[PDB]
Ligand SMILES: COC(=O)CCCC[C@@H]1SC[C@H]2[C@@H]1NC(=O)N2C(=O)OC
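Encoded as structure tokens, the following chain is the form deposited without the named molecule, with no partner shown.
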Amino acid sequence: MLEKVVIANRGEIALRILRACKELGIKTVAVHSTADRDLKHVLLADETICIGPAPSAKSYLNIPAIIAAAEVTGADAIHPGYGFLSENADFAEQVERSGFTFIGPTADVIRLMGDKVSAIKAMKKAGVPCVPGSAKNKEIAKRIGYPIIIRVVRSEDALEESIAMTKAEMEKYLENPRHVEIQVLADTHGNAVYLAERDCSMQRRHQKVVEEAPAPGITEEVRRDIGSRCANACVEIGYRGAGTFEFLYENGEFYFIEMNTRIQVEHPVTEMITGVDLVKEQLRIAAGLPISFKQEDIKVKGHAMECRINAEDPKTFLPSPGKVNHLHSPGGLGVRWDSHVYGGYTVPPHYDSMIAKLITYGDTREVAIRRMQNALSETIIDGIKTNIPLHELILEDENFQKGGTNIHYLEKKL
């Protein structure tokens, strides 16, 4: 089956993958840049291989070097995590052509869902609701209804002009949409399940900051409908592994915007409310096993929240690399801490600024939120700036407390 896995990633997700591997008794190979020799998962891995200098282009995006690490270690499979090469279909195609198991979908499915329109077209074929959309551009614009996007457009006298400018360089635009996303798994035995949903509406410049599960207001009827549509979409497109269908959500209707064909950063909130270990299921599915449970086995229990703790200034958002002179991580009941950072670790400049995901669970949304506030108050990261103050502002916001804030809300509030 799978005996040895190359972890083609870094930071917290690399550690998350290492932990799943070690639980399953799978040997690990940590590929790393010269800058990441002191990463926690590297220090814990069974074998390590330096694949290039610091810049990502020369290391974690270095397809030949990663494949070569698999070859020389005699690895069976490669787990790409999220970001980097995880949704690069040329990488997947090359991993397979080279005799290794890619822990993810097939190259062809990646490429299909990797392209804006082809994705939307496969979803519309599948019965998943998409956004109303695509000179007879005035007629189309008209039927869809303004506002629109080509550059946004709030009226028709600007349409023509806009068209010529958006080119050189159409989804109905919604203004009370939440970001609501459905987690799925599909296996090589023809099964596909949905694992409730997540609300990830708290965003800055389209980067998520806080996520939660289940999504407030979503009844189980509605969950069952949209979730069943996503599972069937999985079967229809021959999906394999973990994936997420992202939707805009408004006045009770869902509208597809993207499928991430990989594990999600915020997968832990789903784990907390369903009891499923999503990374272990990725590994088992890649080994050829069936999903370890059936749809009827899944029931949402309680509520979970996640704060992405970043090394950055909490108002300017400029990165804050440097030595963590002291770390104190929170704990206790209903507190989960997913992080590679340790006291004495130096956060480097070369990559993203995420240093930890703090995840809480409670019987109710209210309990999960209070537990997050208390856990954040206990957390100490000395030596660098973090966005903890931003989290604290969000968590005490009366509208967030009420629930249901839209995807534009954070930027409006600040």
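Residue numbers run from 1 along the displayed sequence.
One more form of this protein, deposited with the named molecule bound, exists but is not displayed; see below.
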Checklist outcome for this item: Taking the named molecule as it sits in the entry with it bound and superposing it onto this form, judged by whether 3 or more of its atoms come within 2.4 Å of backbone or C-beta atoms, we find the site open
Checklist entry - Which one of these stretches, 69-77, 256-264, 326-334, 99-107, sits within 4.5 Å of the named molecule in the entry with it bound when only heavy atoms are counted? => result 256-264
Checklist entry - Exactly one of 91, 239, 194, 84 has a non-hydrogen atom within 4.5 Å of the named molecule in the entry with it bound; which residue is it? => result 84
Checklist entry - Which of 46, 352, 378, 38 has a heavy atom within 4.5 Å of the named molecule in the entry with it bound? => result 352
Next on the checklist: At 4.5 Å between heavy atoms, is residue 21 in contact with the named molecule in the entry with it bound?
Outcome noted: no
Item to check | Partner contact for residue 13 in the entry with it bound: the named molecule, 4.5 angstroms, heavy atom | outcome: yes
Checklist entry - Though only this chain appears here, would residue 308 touch the named molecule in the entry with it bound if you measure heavy atom gaps against 4.5 Å? => result yes
Checklist entry - residue 115 near the named molecule in the entry with it bound, any heavy atom under 4.5 Å? => result no
